[PDB]
Amino acid sequence: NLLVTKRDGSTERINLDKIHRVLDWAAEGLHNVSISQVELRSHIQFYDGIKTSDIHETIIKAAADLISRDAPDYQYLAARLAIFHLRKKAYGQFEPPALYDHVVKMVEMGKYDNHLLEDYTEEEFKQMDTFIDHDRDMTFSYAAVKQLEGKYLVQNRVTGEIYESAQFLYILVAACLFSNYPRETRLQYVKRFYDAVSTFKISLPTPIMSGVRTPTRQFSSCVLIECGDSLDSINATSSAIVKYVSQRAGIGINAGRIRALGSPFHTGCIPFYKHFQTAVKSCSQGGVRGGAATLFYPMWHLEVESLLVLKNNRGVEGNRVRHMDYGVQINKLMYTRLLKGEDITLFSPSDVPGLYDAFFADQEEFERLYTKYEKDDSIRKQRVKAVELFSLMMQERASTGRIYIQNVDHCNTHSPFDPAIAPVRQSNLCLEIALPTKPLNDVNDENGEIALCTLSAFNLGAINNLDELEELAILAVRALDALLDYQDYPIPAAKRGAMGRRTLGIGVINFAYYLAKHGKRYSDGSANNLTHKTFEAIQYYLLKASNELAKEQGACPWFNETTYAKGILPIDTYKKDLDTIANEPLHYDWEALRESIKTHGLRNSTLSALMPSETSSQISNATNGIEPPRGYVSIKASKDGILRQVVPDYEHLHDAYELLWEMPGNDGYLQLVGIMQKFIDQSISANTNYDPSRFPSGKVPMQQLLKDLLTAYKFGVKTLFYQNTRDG
Amino acid sequence: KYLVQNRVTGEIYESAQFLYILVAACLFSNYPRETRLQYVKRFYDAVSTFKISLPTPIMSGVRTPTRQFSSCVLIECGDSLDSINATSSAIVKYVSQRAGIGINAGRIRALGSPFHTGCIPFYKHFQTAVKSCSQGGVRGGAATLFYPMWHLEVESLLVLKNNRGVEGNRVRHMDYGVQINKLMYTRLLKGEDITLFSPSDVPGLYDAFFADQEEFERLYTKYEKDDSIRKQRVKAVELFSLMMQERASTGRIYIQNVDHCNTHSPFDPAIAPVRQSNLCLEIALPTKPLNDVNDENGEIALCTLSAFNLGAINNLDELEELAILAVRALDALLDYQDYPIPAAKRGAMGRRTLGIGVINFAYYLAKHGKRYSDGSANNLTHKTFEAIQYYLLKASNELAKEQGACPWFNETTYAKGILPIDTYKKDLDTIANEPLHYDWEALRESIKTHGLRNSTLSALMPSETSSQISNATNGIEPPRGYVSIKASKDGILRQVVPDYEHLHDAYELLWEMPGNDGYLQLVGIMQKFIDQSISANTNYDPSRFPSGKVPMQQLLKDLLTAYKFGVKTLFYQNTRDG
Amino acid sequence: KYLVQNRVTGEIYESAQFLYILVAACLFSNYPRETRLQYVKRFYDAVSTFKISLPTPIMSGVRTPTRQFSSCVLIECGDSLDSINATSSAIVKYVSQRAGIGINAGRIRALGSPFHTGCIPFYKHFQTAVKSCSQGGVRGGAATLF
Amino acid sequence: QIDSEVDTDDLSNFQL
Amino acid sequence: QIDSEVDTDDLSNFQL
């Protein structure tokens, strides 16, 4: 027989057919999946008086455990099953309620924002309800559902109850972001946006996906602070870091201006760097669990040798700041001292009038001032061979993976900002963001400027042609722009940044799949032109939308600080050496655009930035950002058992894919990054990769490391993010 | 190991067929002229064609001047110095003759009770008794020691073989069986406490533990409430994790479900309760503590073992003749062998207990195209062990007619009309529907009238030596792989699983099983018909679990799957590396 | 360790001169009245003025309900399992009453002799017997093996 | 090795 | 790990 405990409390015979029926519905359309296999594996685990919820997790996980490259469709059989369990868990049945009914329930329960009911009428809800296709929950992969369940759907912290499905998330994120539009266009926008996201064309960051609809207003997750050379400013920088990390934000600190050990910060940078680290980790489980930062400094800082080794797992404690990453800032002069095998002179910023500023803003003025200050006896300084410092940096970058490079001249010669007014003098946690900053001198100092960015990405895998990107750019740029007026500003300097420039950073996911589906490869140059054509489409249509929005609503108050304001487009300023690696003609009318921007302005001083991705690219089953996958199958560790995600369309494309460690070397990838940088407003989270078993005696030569460091400078690459070294 | 040879010169004096024929002659030598040489022939045939398998000391010694063949002894120790001295002396005698031992030292009183110095120092003394006849102090002599889960010192006993710690808290060269019943498991599900008591302070708790679960309920809650009684509380999630964390770490902390052993047993627990097991957890027999080595009122339990080769029989009804042959041989053996300790003779003469198992279960399952892990084999297994128990009883019933039932037959349930098919864990009803095929009521009446020669007949034991000689899978276990490697002076020994060429895709290998569930369903189905217990393993592949680590949750969930399906004992845990 | 006392309440019931006179009393109790108390008087004098010194179990137990005063036992083991066992149990009994043990295990036959296994496995066994009534690892009960 | 964490509310649903 | 040796005359041939 075998009895079954229900949700109420009484038994009743087990309904083996009801199961096989749900199981049947679920394999709808999928190929290569055995239903009997799933029953034979779950049913053996069923015990007399087992409860309903258990039967249901048992059959999900059994579907789940069958995911392999050979039978990838299980990915979906397990999802649909989980999707089903989650409907019953939320609404007690399959059909979700009417959206208006649902919203009122959620508001009274205090889990949705009441603003939703003041902003839309029941008839407007009844109409939104018609846009919803609840059948789209059927298209998530299983690794997707696991992420929804854990990070996205509105739920219970404590009891663990789940209150909404995915289509209710998408529709309400849409309602909220587009709620202030006028009646003529609003619900058209809500529909057209809802569609873009629920079909995986536009991807949103976690705090947006998790919080837009609920009473919260915290969504800034990406802050950039610059610290001045005074106690007040360090106190201000620290306090600001504190505020922002309490709200789960990654931070880019520029502490380069701090004066060196034993200057007339008398006790030097390191003790102040430590103080930043504790600010950063002020809101973390044991002192490692959330809160993250990258700190920046110029390569010529007097204490650089001592800063290069801060996260080194050897050494003594008063010389170690290990729970932060660093970006070393380099320009053409340094690299020239490297090629010519001469020295680099270190100076403390406090002793060299306008060297620091010329570093970022005017490379000639730097030349003049550097050689000038080198010659002057009265100035405290320090010489070291340039082969030495570069090796030290590279030896550290290799050892930890996380000593990063900013090429600060590229950031200012090829940028949306004019460096005489608003220079880019740092990046953020992941090296994709590049924005101007002003140091504060109190937390609430109004003359300060901390930089924020609001992020997103197109799914290159989901669009059927480049011109599909027009609508998507419009949707993306409008949503994130509404978001800016919507979210909270804990620090006045941070509002000034966001209100004054309204900067955005929209990237891509699914580059690798995209490359495969057009039968190209990272490593050999076969993809240069496709990549050039693609990022043209991208930048162009992102500007076009921001231009159109600037007409309808006003360009951004500090638009006149940009190059764009003067008629200078990225296509005028890209590193000229790219000319030698691609010949793809421009396809779109950039002069029409030149004039239209110059006249009407832009809503957003920046629009593009290539960021890393993991959560987001799981939800759509897409390759991560622009990176080649390590393998065909991803493994995540989870209380619910092993999570597997097979790269999109494996069965047809396993020989199309170029996997990470199958690339002969870094050269094609960097050519591809550099081609993106021709059109991207900010930077790219660009990796370097080294397989030790490709090198004599299993050891990576300092020669290849530097030769690659220069390949990237030459092709105009602004930043280098992680180094990955494979084991064996 | 088998052929009669020279210790020193290394000369070999006989071949295998001379072994088989003389083992047969010897065991059947007292039969009358009309039947003798027919029995010798019919037995010789059964063994030389690999249908019946005999243990090592029988195969090695029956024909020669020796008389030592007991290789499986169970002692129970009382709570007094005399008894520890008696238990120890008995252990000494028996290990000199290469015997494995099950000690029950559960009755020993706890540290600082009115054994004033506690169990551990006495446990150590048992260990040295055990190893008294061993090369360097690890080479031969083996034992498993038993205790109830509620013993005051349990936390200190759970960690005895732990490779960390200090020496006066470590007994590492013995295995342990922790004894559990329904109450404990209930405190686990409900996440409440377990109260520990020293057996000396709790009148009839120890006895009710094994004999009467209700009387235990009543007495436990009663003693929990009483302030005057030395006791100790601990969350039940804690103790269970500790046990399971130890079982996992060493492989060799074993479980006895003592209620199952007494509610589903050939013995009536009001007269003769089962209060322990043996070295390998397959044996389950009643014992009485001695108070001197030669104490006549003592009872140490012995069993004489064997097994059918499921791979060698062409049909289930071939098992009739084999049961007759098996049961008659081992019965003759009982009158034949020596008895170093009077208590041990009383056991063997009074109940004449046997334990006949199987080898080649895995091959058998393959040859019928079934699998451990998925439930495809439940019914075949149910049909098979029916045949087995039935025909084993039938032969012991027939032998009881010809020669007399055993003197203590009236202590069994069988004597009262109760068959195993009346007493099996009812939850098995939900995992198989195989009808009984044999007439169990005809059998009920015939046993009740004529008796049994042997109070027990069945016990599923591990096997290695025996299953090598016939090229059979080991006991009831799935093979780790298709090829076995042994280290040998003569070079590497390889044995490929029987009929590989045809059946490599039939076999379900150990580490190919999704988990423990089907196997435990199969063990539980055997336990419906087996007189004693089963040497049942649990298995865990770390690379099937998030971050290569086996969750305490699965360990306990399996511990309960086994209780539910009525499984009496759990023997080794195997954890694969990588 | 001499004065009669409750070992949990920590109460002391007697004093040193009661110890001395009453120990005299018990050991001379069965003497003929013609001479009894005279003996009792003189033995008390001798011990109370430190001229004669007595062993602890006599000093702490004589006068009390107990009768275990043997602190000092010698056992000879023969070369046979029964002898081993007998030796082992003798030890266990005595060490549970606190005695120290000398043990002659010299005649146990050597390893390899036609009991194939030799002295050491049995010597471990005596050791565990000697310690069978002691805390754990290094605390109480002692022996010397010859 | 072993994952210490034990869920009692999971367990409480088992019948012996 | 990493091979300390660096060739400057190799390098001097790179154009930035």
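Residues numbered from 1 in each chain as written, not as in the entry; some residues may be left out. Chains lettered and ligands numbered in written order. Part of a larger assembly, values for the part shown. Heavy atoms only, no water.

For this entry, the PDB record names X-ray crystallography as the structure determination method and reports a resolution of 2.800 Å.

Chain B carries the name RIBONUCLEOSIDE-DIPHOSPHATE REDUCTASE 1 SUBUNIT ALPHA in the PDB entry, which gives Escherichia coli k-12 as its organism. Quoted verbatim from the Catalytic activity field of the UniProt record, the comment on chain B reads "a 2'-deoxyribonucleoside 5'-diphosphate + [thioredoxin]-disulfide + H2O = a ribonucleoside 5'-diphosphate + [thioredoxin]-dithiol". (UniProt positions renumbered as here; feature names shortened; annotations may be inferred.)

In the nomenclature of the PDB entry, chain A is known as RIBONUCLEOSIDE-DIPHOSPHATE REDUCTASE 1 SUBUNIT ALPHA of Escherichia coli k-12. You can read under Catalytic activity in the UniProt record for chain A the words "a 2'-deoxyribonucleoside 5'-diphosphate + [thioredoxin]-disulfide + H2O = a ribonucleoside 5'-diphosphate + [thioredoxin]-dithiol". Looking at the Sequence similarities heading of the UniProt record, one finds this comment for chain A: "Belongs to the ribonucleoside diphosphate reductase large chain family."

Enquirer: Account for the pattern of salt bridges, with residues named and values stated.
Expert: Residue and element names in this part refer to chain B. Tallying each qualifying case throughout the model produces 62 salt bridges over all chains. For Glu445, the salt bridge identified is with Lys448, shortest N-O distance 2.8 Å. Separated by 3 residues within a single helix, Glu445 and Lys448 lie in helix α16 (residues 440-450), roughly one turn from each other. Note on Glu445: relative accessible area 41%, which makes it partly exposed. (Salt bridge = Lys/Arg side-chain N within 4 Å of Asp/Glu carboxyl O. Helix = DSSP H or I, 4+ residues; strand = E, 2+ residues; numbered from the N terminus. Buried < 20%, exposed > 50% of the residue type's maximum accessible area, 1.4 Å probe, protein only.)

Enquirer: Describe a negative patch on the surface, and please don't skip the residues or the numbers.
Expert: A contiguous patch of negative charge on the surface is contributed by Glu57 of chain A together with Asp3, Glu5, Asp7, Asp9 and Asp10 of chain D. Given the relative accessible area of 44%, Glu5 of chain D is considered partly exposed. (Patch = residues over 30% accessible without salt bridge, like charges linked within 9 Å, V, L, I, M, F, W, Y side chains within 5 Å. Areas by Shrake-Rupley, 256 points an atom, 1.4 Å probe, with all protein chains shown as cover. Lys, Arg positive; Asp, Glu negative; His and termini not counted. Charge placed at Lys NZ, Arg CZ, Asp CG, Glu CD.)

Enquirer: Explain the arrangement of the chains to me, using residue names and the numbers behind them.
Expert: When C-alpha atoms are compared, chain C and chain D, though not in contact, are closest at a spacing of 30 Å. Chain E makes no contact with chain C, the minimum C-alpha separation between the two being 50 Å. (Contact = heavy atoms within 4.5 Å.)

Enquirer: Kindly report on the interface of chain C and chain B, identifying the contributing residues and their values.
Expert: If you look at the interface, chain C gives 22 residues, while chain B gives 21 residues. Between chain C and chain B lies a buried interface of about 1,900 Å² when both sides are counted; carbon and sulfur atoms form 60% of it. It is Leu81, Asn85 and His125 of chain C in chain C that bury the most area against chain B; as a group they hold 25% of the surface buried on that side. Applying the counting rule to chain C against chain B returns 2 salt bridges. Elements with a minimum of two residues in the side of chain C that touches chain B: α4 (81-95) and α5 (119-130) of chain C. In terms of residue class, the side of chain C that touches chain B is made up of 6 nonpolar, 12 polar and 4 charged. (Buried area = accessible area lost by both parts, 1.4 Å probe. Nonpolar A, V, L, I, M, F, W, Y, C, P; charged D, E, K, R; others polar.)

Enquirer: Report on the pairing of strand β11 (residues 504-509) of chain A, specifying residues and quantitative values.
Expert: Residue and element names in this part refer to chain A. Across the 6 residues of β11, 6 count as buried, placing the element largely inside the fold. Covered by surrounding structure in β11 are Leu504, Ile506 and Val508 together with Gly505, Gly507 and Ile509, the residues of both alternating faces. As paired strands, strand β10 (residues 454-459) and β11 are joined by 6 bridges and run parallel to one another. Within β11, the position partnered with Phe458 by the bridge is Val508. (Pairing = 2+ DSSP bridges.)

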